[PDB]
Amino acid sequence: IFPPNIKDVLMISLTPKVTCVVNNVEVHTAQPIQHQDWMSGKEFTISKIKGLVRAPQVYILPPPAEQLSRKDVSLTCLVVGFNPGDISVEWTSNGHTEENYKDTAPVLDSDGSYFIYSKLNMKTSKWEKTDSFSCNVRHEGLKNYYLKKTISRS
Amino acid sequence: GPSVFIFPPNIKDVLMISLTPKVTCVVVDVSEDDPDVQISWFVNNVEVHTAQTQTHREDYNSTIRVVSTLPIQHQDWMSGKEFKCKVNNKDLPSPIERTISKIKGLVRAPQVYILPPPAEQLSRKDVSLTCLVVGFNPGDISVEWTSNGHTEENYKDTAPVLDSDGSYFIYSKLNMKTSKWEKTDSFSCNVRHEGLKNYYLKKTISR
Amino acid sequence: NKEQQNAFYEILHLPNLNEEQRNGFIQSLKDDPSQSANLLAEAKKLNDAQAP
Ligand SMILES: *[C@@H]1O[C@H](CO[C@@H]2O[C@@H](C)[C@@H](O)[C@@H](O)[C@@H]2O)[C@@H](O[C@@H]2O[C@H](CO)[C@@H](O[C@H]3O[C@H](CO[C@H]4O[C@H](CO)[C@@H](O)[C@H](O)[C@@H]4O[C@@H]4O[C@H](CO)[C@@H](O)[C@H](O)[C@H]4NC(C)=O)[C@@H](O)[C@H](O[C@H]4O[C@H](CO)[C@@H](O)[C@H](O)[C@@H]4O[C@@H]4O[C@H](CO)[C@@H](O)[C@H](O)[C@H]4NC(C)=O)[C@@H]3O)[C@H](O)[C@H]2NC(C)=O)[C@H](O)[C@H]1NC(C)=O
């Protein structure tokens, strides 16, 4: 039994779903849940386990200097000090979605929070041609559940 | 019934010659009433007898855990010899075999870069030094931190993550006081991998 | 997209709304996000009304 995807819960315009592979009241629609029934802690068995709930810092790191002589570079989005571990990082250039990224697992930091690293690979031509790259974080600690920090080349 | 778990040597023991790699077999849920367990080891189905095996009390569920570590030579791990541990008990009708071996195959050296703290973070009490190690195969790597010759132990790093080209990347994050980032002259990221000359490459940064 | 998100985020943290009011505010929000502006104000004022 599994939770739903955290980007599905922290955005009202998507659908969170609990997967077997509601507070003891039957529902006949499986194949999907209300975002609020999960956040207030109802039992589905599984729940949204709350604990400390800290909000992340979100910084974009540019390609390291030594990598700019190459045919490809790497943008870094470091997100730091959040709880729970569940988070969602994704990337855009202005408004169109960039998807050649990979990200690590949430890692327990020393203060019992979590950090996570996300890495957008692109051709070096793309890094000096495209005007903006924006890293898009969705944690429950953030206002509107959303946060968008943007970097530009210089 | 008991179960056996096998575990490959410490990538640091493999990439330094003075140190000694070990393969380990752990036996869990050995009944307190029959803690005797016999373990034979087979480097390529050749029986070996240098295995050091200890018997331990697991005070949590009142069971026995047996740990057998067989030390090995670099060449037998690096060549991909297949180390085996057979484990027989009373509570085992016929015994249990585990096998482990290095994954001989493609190998690629890493590139190693130090990323200075993000510009937005220079203003807090603490900063973050990033080491980005990219492009290496296989996924077993070792990243440590030093500032001059003094080893720094407040690092945390990610799992090797499989990149797009079939390589592994990794990030190691040195947190430090923001006074340290401005006081100290040089911070070094230190990578060990089986693809580097002398299994070791050092990259160093200044403010 | 963006308006109907701040909607959802505030409506969910309005502390005097009850389960069913919050429940129906969302529903009546993800079904025609046009009136995301008015649905906030509506829930907003119904909160102050129900303060102790
Ligand atoms: C009674 O209690 C004991 C102890 O309880 C435990 O500890 C206490 C303190 C509590 O914290 C409690 O909650 C804990 O449960 C129970 O003992 C455990 O039993 C587990 C099985 O029932 C066993 O399972 C996993 O073992 C591997 C992980 O173990 C390493 O990491 C642990 C985490 O820190 C650590 O405890 C271990 O000591 C071990 O550490 C490593 O040991 C090396 C040797 O000394 C050492 O070199 C190394 O440095 C060290 N590193 C670290 C970081 O510790 C898992 O890998 C393993 O996974 C395999 O099995 C599951 C299901 O079978 C799969 O999901 C996995 O994917 C994997 O299957 C293998 O899959 C690979 C591919 O993925 C295949 O290629 C393989 O063929 C598969 N099989 C094998 C054999 O490889 C297990 O999930 C725990 O390790 C064990 N811990 C201890 C300490 O004994 C005990 O069960 C209890 N009895 C009950 C409940 O009845």
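Please read every residue number as a count from 1 along the shown chain.
Here the Cβ of each residue, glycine as well, is placed from N, Cα and C on the backbone.
Taken from Swiss-Prot, the feature disulfide bond covers B:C25-B:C85, B:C131-B:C189. Here Swiss-Prot flags B:2-101 as domain 'Ig-like 2'. If you look up Swiss-Prot, you'll see B:110-206 marked as domain 'Ig-like 3'. Look at Swiss-Prot and you will find B:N61 tagged as N-linked glycosylation site.
On the structure: features taken from Swiss-Prot.
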residue: B:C25; record: disulfide bond; CB count, 10 Å: 26
residue: B:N61; record: N-linked glycosylation site; CB count, 10 Å: 9
residue: B:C85; record: disulfide bond; CB count, 10 Å: 26
residue: B:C131; record: disulfide bond; CB count, 10 Å: 26
residue: B:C189; record: disulfide bond; CB count, 10 Å: 25
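The recorded positions shown are B:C25, B:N61, B:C85; of these, the one with its CA atom nearest the CA of B:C189 (disulfide bond) is B:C25. Proximity of the recorded positions B:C25, B:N61, B:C131, B:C189 to ligand 1, judged by a Cβ distance under 6 angstroms to any of its atoms, singles out B:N61 in sequence order. The residue listed as 'N-linked glycosylation site' falls outside any helix or strand according to DSSP and counts as coil. Distances between the Cα of B:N61 (N-linked glycosylation site) and those of the disulfide-bonded residues B:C25, B:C85, B:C131 are shortest for B:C25. With respect to their backbone Cα atoms, B:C131 (disulfide bond) and B:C25 (disulfide bond) stand 33 Å from each other.
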